[PDB]
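Novice: The structure that follows is given in the form of structure tokens.
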Amino acid sequence: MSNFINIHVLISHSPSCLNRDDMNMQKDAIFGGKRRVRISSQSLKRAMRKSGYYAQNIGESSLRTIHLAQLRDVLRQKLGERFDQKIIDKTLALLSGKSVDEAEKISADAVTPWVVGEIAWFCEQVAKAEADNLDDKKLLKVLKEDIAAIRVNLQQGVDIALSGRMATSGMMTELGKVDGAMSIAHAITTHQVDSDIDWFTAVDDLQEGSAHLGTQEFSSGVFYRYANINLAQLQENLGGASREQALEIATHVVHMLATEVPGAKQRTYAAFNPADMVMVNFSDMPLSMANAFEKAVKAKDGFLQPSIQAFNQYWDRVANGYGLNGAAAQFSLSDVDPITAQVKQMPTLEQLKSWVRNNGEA
Amino acid sequence: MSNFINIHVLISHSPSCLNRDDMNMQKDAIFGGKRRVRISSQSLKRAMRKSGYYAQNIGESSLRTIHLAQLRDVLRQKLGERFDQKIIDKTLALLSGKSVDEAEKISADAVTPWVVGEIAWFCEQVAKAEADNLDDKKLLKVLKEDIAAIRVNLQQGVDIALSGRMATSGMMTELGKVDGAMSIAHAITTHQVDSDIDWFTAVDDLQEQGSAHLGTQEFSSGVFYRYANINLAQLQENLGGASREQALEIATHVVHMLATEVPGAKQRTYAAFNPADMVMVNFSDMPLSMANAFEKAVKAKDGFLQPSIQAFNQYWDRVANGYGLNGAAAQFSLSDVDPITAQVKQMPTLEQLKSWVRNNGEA
Amino acid sequence: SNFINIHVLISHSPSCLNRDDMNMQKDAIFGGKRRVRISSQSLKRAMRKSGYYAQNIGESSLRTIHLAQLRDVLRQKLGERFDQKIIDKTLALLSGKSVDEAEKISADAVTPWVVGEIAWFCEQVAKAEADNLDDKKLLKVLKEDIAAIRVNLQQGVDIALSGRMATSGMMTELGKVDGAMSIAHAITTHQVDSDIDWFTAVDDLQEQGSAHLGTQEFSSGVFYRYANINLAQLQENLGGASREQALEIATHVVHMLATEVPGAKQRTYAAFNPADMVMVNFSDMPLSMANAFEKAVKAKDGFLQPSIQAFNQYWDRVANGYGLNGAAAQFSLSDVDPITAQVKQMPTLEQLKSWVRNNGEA
Amino acid sequence: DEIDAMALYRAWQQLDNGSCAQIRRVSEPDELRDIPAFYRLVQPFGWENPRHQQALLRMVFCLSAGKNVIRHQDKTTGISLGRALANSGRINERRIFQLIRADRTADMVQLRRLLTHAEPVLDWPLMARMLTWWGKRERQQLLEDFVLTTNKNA
Amino acid sequence: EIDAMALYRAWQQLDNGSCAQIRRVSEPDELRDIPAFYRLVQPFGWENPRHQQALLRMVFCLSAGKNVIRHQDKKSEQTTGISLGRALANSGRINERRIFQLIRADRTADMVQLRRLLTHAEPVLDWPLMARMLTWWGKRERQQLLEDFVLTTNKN
RNA sequence: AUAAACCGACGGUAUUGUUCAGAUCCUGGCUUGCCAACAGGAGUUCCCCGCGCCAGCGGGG
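Residue numbers (the deposited numbering), protein chains in the order written: chain E, 1 to 208, 210 to 363; chain F, 1 to 363; chain G, 2 to 363; chain K, 3 to 77, 82 to 160; chain J, 4 to 159.
So this is what it looks like as structure tokens:
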């Protein structure tokens with residue numbers, strides 16, 4: 001009852017537009033026959049990667065790109081003093097195929113997350129390959145033996161270990177395929193939303210008479226974010242890392258999911274709101290509490306309170322009907338008395354995080 | 001009424017893409033003149049076979065493949081300490097119909113489910129060729145007599161005993177034909193669905209923020225209705241004359257999986273890990289699907305879930321009274337409802353329902 | 002009246018209950034519109050091979066024809082063609098008990114195919130007494146035939162209701178047993194939008210991976226099954242035979258039509274649906290109500306309700322115009338009802354079968 | 003036999019900024035029923051005959067995209087909506103898959119959002135007739151035209 | 004199963020006391036509190052709830068005054084009677100923006116506004132039409148009201 | 001009792017893995033809702049009980 005760690009977050013946002021269409025439309029989704037404002041999971045994940053908190057507590061994020069011409073120069077810059085450029089070019093060419101050099105624009109198949117640690121390690125290997133004249137096929141055969149040693153490098157690129165990586169060309173198709181370890185859902189509102197429309201203008205300071214016109218869709222909303230971390234898979238993706246090491250990353254994910262908000266239209270719609278509820282529970286089976294809002298919550302005193310209430314009630318029903326999955330802990334800023342008793346109430350967030358660090362104990 | 005066990009499941013899913021087309025579109029199907037989102041029965045089956053619950057409670061799933069060149073290596077690894085490589089090669093060669101060359105790649109006719117247990121058994125039986133030499137056709141004729149002895153080894157399969165298999169080549173075409181024993185339907189939504197589209201981008205860290213053409217991913221939420229049916233006698237036969245109680249235990253495992261397991265498609269990015277909101281099980285002399293309860297696409301009052309439960313119960317009452325069926329019928333629901341009528345016993349928890357099944361509907 | 006008419010409206014979930022030689026759903030153009038079809042042979046096999054059939058017809062009390070009972074009659078119906086000694090010889094070879102030994106239960110009428118076959122046997126033993134091959138010598142060459150008729154003399158109701166078994170040891174023209182129930186092709190009441198399932202086959206040893214592709218046509222729809230029963234023919238082929246017994250069989254036919262479904266792809270699509278409507282009516286002439294759906298039914302709230310409505314509305318204006326007379330009863334799962342009475346409304350199927358069993362009297 | 007003239011379009015062109023502003027500010031055609039300037043606009047054609055009402059709601063709703071969103075171009083036969091949206095080059099075919107799969111009010115909404123984004127040139131009476139019926143064959147034909155033109159201009 | 008015009012007639016013939024009790028009411032729900040209402044509306048629809056809401060509306064409108072709503076039968080040439088919209092338009096005292104606000108109102112509020120309009124309009128109309136529209140009072144009926152008013156003013 | 005009769009096209013199958021829609025923008029300026037007006041005629045106020053009765057007085061609901 002402790003492989004999966006489930007993260008449920010209820011967070012309310014003031015009038016804003018945190019996720020947009022290709023036509024300046026608010027991202028939405030139909031649930032329970034009602035329209036909900038949606039925030040795509042990609043937006044949340046990238047919002048986490050490029051956050052300062054991630055930079056402070058987890059490390060450097062990966063470099064996702066197709067431009068191998070730029071990446072060539074970057075790798076030549078950061079690995080210039082440790083390796084020969086002849087080796088770097090060959091390495092990058094082996095992982096994707098086939099850069100060589102001097103080309104103004106080299107593009108891979110799709111946007112790939114590259115970490116400099118893996119590339120440096122591969123340089124260390126292909127150096128030996130050049131030393132003992134190992135054929136590239138033989139080198140592949142050797143490297144495929146111990147994939148864990150490759151996965152150890154993902155400690156300097158945890159976002160890949162969490163979000164996964166897909167490879168089509170190069171040797172990365174045999175060595176760089178990463179599964180898991182974090183499953184994150186698209187954030188949807190717990191209630192129905194009819195999106196408001198802002199009618200703005202642009203004043204020409206050199207004319208007092211006729212009107213300009215502009216439309217920007219926006220809305221406030223109580224979003225439910227769900228996340229899930231497969232600890233075993235996370236340890237595997239980090240090269241057999243300890244569980245204690247994975248749980249810390251998990252806590253950081255809880256914090257970011259509880260605090261981080263996408264920066265879309267935040268200069269004009271400053272919707273910098275913290276989460277009003279964060280519940281974390283350990284289970285061996287992934288469970289999402291989205292069906293707590295299938296019957297779209299109706300505002301009594303706002304949407305937040307009945308959202309918390311509905312959430313708690315559904316968690317109680319699932320807990321009773323399917324049996325208690327494992328340890329659970331809740332942190333709220335609301336005036337709502339919890340109904341289920343087998344969930345530890347945490348006054349502050351850092352206490353919840355501490356509770357997670359100790360594998361759901363004290 | 002006690003040969004077929006019918007499993008009905010109403011389960012609501014948050015926005016996701018649990019099963020795709022060849023154009024990466026959501027699988028759909030037209031019911032009652034209305035579009036319903038569909039989940040393939042093959043998808044559900046494989047989702048069950050490769051599930052952790054299956055591994056914990058039922059055992060190891062079958063290995064389906066055409067690559068006999070890899071399969072020979074696998075079988076040599078797992079059976080090498082028990083048999084000689086030539087015997088294993090002759091075994092696999094007899095079963096598949098192809099020849100084990102020690103080559104790099106030799107393929108079979110089609111994807112075949114192989115269970116290592118029955119293969120080991122066939123190694124033991126073909127080790128009788130090491131004795132007074134019987135012709136391979138002779139040995140075949142000997143094995144033809146007792147098929148039950150072969151089906152006993154299928155307790156390390158079960159997914160084959162449940163879903164069956166078909167052979168075209170080798171000796172398996174005459175010894176490995178399994179028919180039953182579980183009939184499962186394609187999961188369709190109880191309501192009309194207009195699928196949404198996620199318009200995504202991919203930020204290039206060395207060029208972006210810049211302009212870009214966008215990508216599309218069709219997704220949707222929805223209340224799905226899963227139906228399954230188990231022929232107990234056929235299961236007992238498929239397991240080599242196994243006891244009824246055993247078949248009922250396996251049946252309960254099927255119930256739990258059908259109630260909890262969700263296909264892992266697009267779950268890293270959409271994560272629709274939702275439990276079933278209703279699970280009803282009823283014993284009958286004849287299989288019975290309650291799909292026509294949603295022939296008229298349910299319309300949302302307070303979501304699609306509650307009117308789905310309601311419609312299900314109403315149609316079940318109508319059919320039950322109309323055709324005079326007498327279960328052996330039990331319903332488990334998370335929601336508070338007004339369901340009926342006796343004796344479709346209400347079970348507060350899923351485990352009580354499974355226990356009710358294990359004791360042949362009398363509990 | 003002599004004929005019994007059975008009309009069934011039954012809805013099927015997405016499936017493929019009947020394929021052609023190219024793995025596509027069988028169809029039929031009706032009213033200029035394409036309809037999905039379930040061949041009559043598929044339905045009739047689904048019935049004849051069912052367990053209910055085996056219980057109520059496979060093990061009926063009238064399945065065994067005792068030749069010793071037919072001593073006198075066979076002598077007077079074949080006395081014009083054969084001598085008495087030849088007949089007695091044949092019966093003695095077939096039973097095989099010579100003695101007469103009047104059973105004190107000598108029948109009044111005989112089944113036609115019986116006299117048809119035993120006449121052939123009489124011919125054979127005649128030319129066998131002319132050659133002449135002794136009883137043993139000829140019984141050796143007639144082994145398969147004798148066994149062949151011996152198994153048929155224990156399946157009276159099966160042959161009487163469904164016909165001979167496509168491999169019965171029958172030779173004479175009278176041996177061609179038809180009826181007594183006629184099953185029509187089941188067509189959809191509406192124009193069908195066929196779906197195409199696009200499946201793959203995953204290889205567990207190369208999950209990278211090249212996918213095994215495949216397609217399969219499937220469709221849901223409301224089918225109209227029609228069948229009729231000739232009671233006189235059923236009584237003649239069980240001759241016998243009281244009308245009440247024939248009715249008792251007719252009830253079984255009604256039940257089988259209301260319940261039984263072909264097993265094509267039911268392991269993967271599972272269209273185990275029960276009939277949503279079934280009407281039975283006596284008549285001097287069999288009539289299908291297919292022209293009720295000659296104009297393709299269009300979906301208002303599903304296809305089922307407007308199909309029921311179309312059927313009833315057709316029966317209202319058309320019934321009296323044609324030679325339908327009486328009596329009629331209908332068992333359905335949803336209103337409305339036909340405005341015309343003289344069509345008793347039955348709450349359950351068992352009440353309907355009981356209604357049929359009492360010759361349609363209330 | 004009663005047809006809605008092209009005059010409507012002209013009227014829409016000539017209508018004042020106020021009423022047009024009242025009309026453009028609308029989410030659904032029923033809300034178009036809600037506003038009076040609409041009734042004043044659509045009376046001659048006209049609104050008082052229920053056979054025409056739905057068609058008028060659709061047409062006016064589409065025109066409500068803007069005064070110069072739908073650009074009329076005379077023709082053998084004029085450019086169709088599919089051909090127009092395809093020629094614009096700004097529209098992705100998936101959104102038209104959406105358009106063909108949409109139901110009732112939703113589709114019209116989706117349609118309007120497209121027009122504003124497309125700035126298409128087309129023969130207005132064709133679009134008028136297609137909006138008059140808007141059956142399954144109109145949808146299908148729309149998608150056909152779009153796909154074929156895009157395939158023919160790639 | 005339909006409410007007759009007799010109600011109107013009854014309202015005409017009822018004494019000043021009960022009319023005073025009914026007239027001074029703010030909301031249709033508050034109309035339930037007084038007995039004279041029950042005595043008036045007893046023959047037509049109680050206790051069959053299907054009419055109750057409608058009755059609440061109808062009487063409420065009638066509660067505007069004894070001779071506020073002037074009834075005029077449909078002319079043989081008219082084919083259809085003068086409608087509430089056409090009436091309010093012909094009165095000339097009503098501004099269209101308040102009918103806009105009338106179409107935008109919800110539940111009790113709209114009735115509150117409607118009564119307030121009638122008193123200011125003194126309209127002439129075919130009472131069964133208004134009764135029929137009040138029985139359902141759906142969105143289409145509202146929009147139709149606005150149609151009649153705006154169209155009447157623009158056409159005449 | 002019809003080129004009829006008797007009469008399954010059957011079994012086996014994840015469509016999978018990667019992805020911010022982003023950045024810029026006052027709806028501004030001008031408007032009385034004014035003119036006329038007793039709420040007064042009236043003791044009805046629906047059901048019991050006690051005592052009166054050219055009258056009426058009380059007690060309960």
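Cβ coordinates follow ideal geometry from the N, Cα and C atoms, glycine included.
1) I need the straight-line Cα distance from residue 322 (chain F) to residue 42 (chain G), nearest angstrom please.
2) Strictly below 8 angstroms CB to CB, what residues from chain K border residue 23 (chain E)?
3) List the DSSP bridge partners of residue 334 (chain F).
4) If I follow the unbroken alpha helix (DSSP H) through residue 108 (chain E), where does it start and stop?
5) Bridge partners of residue 13 (chain F), per DSSP?
6) Would you report the Cα separation of residue 38 (chain G) and residue 28 (chain G), rounded to the nearest angstrom?
7) Could you pull the DSSP bridge partners for residue 227 (chain E) from this structure?
8) Pick from F:346, F:117, F:18 and F:148: whose alpha carbon is nearest that of residue 240 (chain F)?
9) Give, in chain order, every residue of the segment 194-205 of chain F whose Cβ lies closer than 9 angstroms to some Cβ of chain K.
10) Please list the terminal residues of the continuous beta strand (DSSP E) segment that includes residue 280 (chain E).
11) Compare the C-alpha of residue 309 (chain G) against each of G:333, G:328 and G:286 and name the closest.
12) Select from G:24, G:201 and G:356 the residue whose C-alpha is nearest the C-alpha of residue 256 (chain G).
13) Quick check on DSSP: helix, strand or coil for residue 206 (chain F)?
14) Taking Cβ positions only, does residue 35 (chain F) come closer than 9 angstroms to chain K?
15) What's the call for residue 270 (chain F), buried or exposed, on a 16-neighbour Cβ count within 10 Å?
16) Comparing C-alpha positions only, which one of K:110, K:34 and K:85 sits nearest to residue 140 (chain K)?
17) Going along the chain, which unbroken runs of the beta strand (DSSP E) with 3 or more residues stay wholly within the segment 74-126 of chain J?
18) Are the segment 116-132 of chain F and the segment 17-35 of chain F in contact at 8 angstroms, needing three or more beta carbon pairs?
19) Should residue 190 (chain F) be flagged as near chain K, meaning a C-beta pair shorter than 9 angstroms?
20) Which residues bound the beta strand (DSSP E) around residue 67 (chain E)?
21) Whole angstroms is fine: what's the gap from residue 337 (chain F)'s alpha carbon to residue 218 (chain F)'s?
22) Give the secondary structure of residue 36 (chain K) by DSSP, where H, G and I count as helix, E and B as strand, and everything else as coil.
23) In angstroms, rounded to a whole number, what distance separates the CA positions of residue 67 (chain F) and residue 64 (chain K)?
24) What residues are listed by DSSP as bridge partners for residue 346 (chain E)?
25) Which ranges does the alpha helix (DSSP H) cover as unbroken runs of at least 4 residues, wholly within the segment 253-328 of chain G, from first to last along the chain?
26) What in chain E is Cβ-close to residue 304 (chain F), meaning under 8 angstroms?
27) Quick one: which residues of the segment 31-44 of chain K get their C-beta closer than 8 angstroms to a C-beta of chain F? List them in chain order.
28) For residue 196 (chain F), which residues does DSSP report across the bridge?
29) List the residues of chain G that residue 63 (chain F) touches, going by C-beta distances under 9 angstroms, in chain order.
30) Looking only at its chain, what residues have a beta carbon closer than 8 angstroms to the beta carbon of residue 186 (chain G), apart from the 5 residues adjacent to it on each side?
31) Where does residue 280 (chain E) land, buried or exposed, given buried means 16+ other C-beta within 10 angstroms?
32) For the segment 125-146 of chain K, which residues have a beta carbon sitting closer than 9 angstroms to at least one beta carbon of chain F?
33) Mind checking if residue 216 (chain F) is an interface residue toward chain K, Cβ cutoff 9 angstroms exclusive?
34) Starting from residue 99 (chain E), trace the beta strand (DSSP E) in both directions and tell me its first and last residue.
Specialist: With the structure as the only source:
1) 27 angstroms
2) 119 and 123
3) DSSP output for residue 334 (chain F) lists no bridge partner at all.
4) No alpha helix (DSSP H) holds residue 108 (chain E); the beta strand (DSSP E) holding it covers 107-114.
5) F:222
6) 5 angstroms
7) E:8
8) F:148
9) 194, 195, 196, 197 and 199
10) 278-284
11) G:333
12) G:356
13) coil
14) yes
15) buried
16) K:110
17) none
18) no
19) no
20) 63-67
21) 33 angstroms
22) helix
23) 58 angstroms
24) E:331
25) 305-322
26) 32, 33 and 295
27) none
28) F:219
29) 205 and 206
30) 29, 38, 39, 40 and 41
31) buried
32) none
33) yes
34) Residue 99 (chain E) -> no beta strand (DSSP E), and no H or E assigned at all.
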